[PDB]
Every structure is written in C-alpha cells, then in structure tokens.
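A single chain comes next, written as structure tokens; it is the form deposited in one PDB entry.
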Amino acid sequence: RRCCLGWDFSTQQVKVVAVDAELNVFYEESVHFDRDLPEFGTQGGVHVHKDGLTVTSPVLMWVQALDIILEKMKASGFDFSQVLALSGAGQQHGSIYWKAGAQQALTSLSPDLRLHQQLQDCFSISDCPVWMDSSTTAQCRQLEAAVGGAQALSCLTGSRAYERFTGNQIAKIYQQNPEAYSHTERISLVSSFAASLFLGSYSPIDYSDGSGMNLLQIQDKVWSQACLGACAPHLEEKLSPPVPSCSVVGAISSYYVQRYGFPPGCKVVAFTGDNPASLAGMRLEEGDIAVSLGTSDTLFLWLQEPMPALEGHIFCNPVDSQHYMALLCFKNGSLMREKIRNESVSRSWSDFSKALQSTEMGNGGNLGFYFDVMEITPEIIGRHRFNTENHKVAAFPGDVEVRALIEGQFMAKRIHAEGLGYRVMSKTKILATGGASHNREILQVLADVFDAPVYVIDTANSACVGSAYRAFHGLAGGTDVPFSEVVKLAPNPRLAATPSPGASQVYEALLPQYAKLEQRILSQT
C-alpha cells in the first residue's frame, strides 16, 4: 500500500492522514496540545496574554508535537517505507523566528535524538504570534500609511492591513524586541517551518500562504519592497524568495529515513496555509465556491481575475499559481441561525425547515440583515428588516424571519463574492460543509440564490487530505498535469440540491435590491 502523508499544524493540534494511491484515507493520528503537552499551560493551544490582545503559541510545543506524533505512528505499526511523498498545511499567518546558526542544527540532525532535543536553542522568539493575535493595530496603520493607504495595500498584497497578518507581527517584534530580531537568520510561516523540519533545511514560503502576510505582491509573485521596508530591515534576506505551491522543495531528511524508516526518495512538496490546503482538499476549480458553515461562516472562492478590497483576503491559488483564491469571513453564523430558530420556530430545526418549505423564493420581497455581533463582511451591527416596498420594518412573521435570515445570508455571500471578481459559470458547483450543511432546506436556498448545484462534503480533515492530494499531484507530474485530473478519482461529493425552476428570475431582481439596502445601512453608520 503506497501512500502520501498530509500534515496539518493547526491551532489546537498536529494532525496527519495517510492516503493510499486509490485516494483512500486509511490512517489518521493527532497530538492535542492542551491534553498531550499540558506543561506549556496553553488553552485552546494558545496563550492569551494579560493585555487581552496578544495571542501566542510556544514554537517548541509544535516541534515536540511532531516528535510525539511520529512516535505514536510508529507505536501503532505505521509502515513508513510505503511513503512516496508528503506535504502539509499550517495555521495561517503565524510566524517562527529562527536564531542565527539554526540551519547548521537542521542539516546536522542525528537520528538517535528527537527533534525538540536538537532544536531546543534554535529559536530567537519562543512565543510565536498566531492568527488570533490582535495586538498590532499601530503597525497596521503605519504599514497602510507607508504604501498609500488600506486599498493600496490590498491592491498590492490581496488584503488591507489585518492585525494577525505576518508583516505587522514582524514589525512589532522588530520595534519591541530588536535584539531578538537582530539574532534572527530566517523567518518562516507555520507551514514553511513544518516543511523545514521534514527537509532538515529551510523550506521556502509558498505563494499561497505567502499571500497572508501583507508582504507578497500577489500579481508578480515577488516580495513588495515597499511593504518589506515598512515592516522591518533586512527582512528579504530572512524570508528568501517565495515558490509556487506545487514545488518539490527537497527530499526528506536522512534523519527521518534512519529514525523512522521513510524511504530516501520520499519527496517533500511545499507546504501551504490550512485554508489554501482545504481548497485543494475540496477540489475546487474555476467557477466554484465552498461555504463552510459554523460559529463563523467562511466562503472559499476560485478567482481568475481578483479585485482586492477593504474586505476579504485574496491569495495566490495553491493549485494554479497563475490564478487566485479568496476567503470571506462572516462573524454572524451558526449562533445567529440558532437564535432565530429559538425565537421564531420553537427551538426546533424541523420547524425551521418547515418555515423554509412553506415560504416562496424571494420571501415576498421581505429582506433582512441579522448582525447581533459586529459583522466584518461588511462592517454593520444590528438587525435590519425591510418589506417589499423597501420600507424598514420592526419584525416579520416567524416563517418570513427564517427565510429572510437564510436567503439574506446566502445573497450576502453571492454579492460579496462577486465584489471580489467571482462569477457563477455554467460549470459552477457549490460545496457546502459544517452544521447547517446537514439541513436540506437551507442548502436548497443556497442552490436557488446561486442558480447552481450544491454538494455536501465532510471537511473535518480537509487541510490534511488536501495536503496529501497535493503531495500526490507532485508525484503524478506536478505542474506538467492539472491538479483536478490527479484527484478526479476521489468519490464525488453528494448532490444535496439543484436550483428550483424560476430561481434565476427571482434572485436576478432581488440580489441588486439586497445589495442596495446593504449600502443604505452602511451610509447610515
């Protein structure tokens, strides 16, 4: 059974899957940080500092989690001689600061010792900033001022300045800890840090995860000298040139061959961010979108011609380096759906579904926005309801409320997607995942709004699986063959809904009206 490994260096755990050549996930293992490395004192895999804004993880905890999981794999009888290649994902934005001399330690790893034991003194920063950090507002404003504004920075890098984005974190470390910065020979993302551990030498940063830093020029795929200089000095030398995501970055270190029995020819395919890896795992193509429904809703888009904005994040595409992808994040997700259920349909998902079945597409022209917490896409708060004459109203009947919520949430996803350059195409498939993807009536609204078929997919391990698929791509020809052709053989996700007759006519007229009301609410703020 020949296989590839797909890794995920996530916030709360390190996870791995082994996928055979039939693209069967036949093995999965994980190390949970709070539970299995409780000595670091993390909660949810991180440390929220006294200020309530700084959020970090110890780099040596991630190294040790790799040692533990390889030993857990070996203890279970995993046959490492069967591994042809591996790739992985890292929680985006988080950064690792390697101390001067660390590459000599990586290239001289002894198979008689664990990684953590040998890399103990290799980090100039022990507490790494992660994606949950919101402590760099001053640096964000400085970077936007240095490059001509928020929109200029988005045009250049796919995003305006966000506190968690790596360049702003690097700037804070340079300003507050210049000694540690002066002792840093290399800076990695979590993804490229993990790839470096497998190579036994520094891995380059890939174009896709490299797009989550406010540093890479996404169009020309070179570092922006203006962004680099506005963040910290000598920064280019520390990052090294970025590479296409579908690059073989080297063979696995002899460390792993000797300690665990990996074959010497095992290839390391460049690692990427967890959201880019999930896009690969979900097998999105040109014209596709994925809706991940949860506490936060996340929209994944394929983009040929992106239009960066003051919202959303455009990244270089991990499975087609000449094109792009985007993420749009919505704070009012599953808690907002549960609240309307509890308020209007007796705390019952069945009655929620019956409300959707008993109301027509377009909801008689009744439209609603439901933001009990400040929304990020767009920046609005409150509940706002409008009747068919576009007059504000205080409330709706119960069933009308349920449809206004669901239809409005999906119309917002289509409008904001199209603002970034997305367009529905004849080939378009919509992939739905998360709790609400288990409701047929919710997915019917989604199919109706986009006028395209909706498929349900399980994504508990999408970043791991996507990483294993990318590794197989690397083996099946790399850039000589399309990613989509390599993983076509994986069973197709199940069709949940197709647009009802007349859906096109209803939402062609209602979508611009909903967009107009959104701008009306934004103008009143």
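Position 1 is the first residue in the sequence shown; the rest follow in order.
The form deposited with a small molecule bound is left out here; the points below concern that form.
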item: Of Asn317, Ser203, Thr433, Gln91, the one that lies within 4.5 Å of the small molecule in the deposited bound form (heavy atoms); value: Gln91
item: The single option of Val402, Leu327, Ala270, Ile170 touching the small molecule in the deposited bound form, heavy atom within 4.5 Å; value: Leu327
item: In the deposited bound form, segment of 247-255, 372-380, 270-278, 226-234 with a heavy atom within 4.5 Å of the small molecule; value: 270-278
item: Non-hydrogen atom contact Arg164 with the small molecule in the deposited bound form at 4.5 angstroms; value: yes
item: Heavy atom of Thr11 within 4.5 Å of the small molecule in the deposited bound form; value: yes
item: Any non-hydrogen atom of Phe396 within 4.5 angstroms of the small molecule in the deposited bound form; value: no
item: In the deposited bound form, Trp131 touching the small molecule (heavy atom, 4.5 Å); value: yes
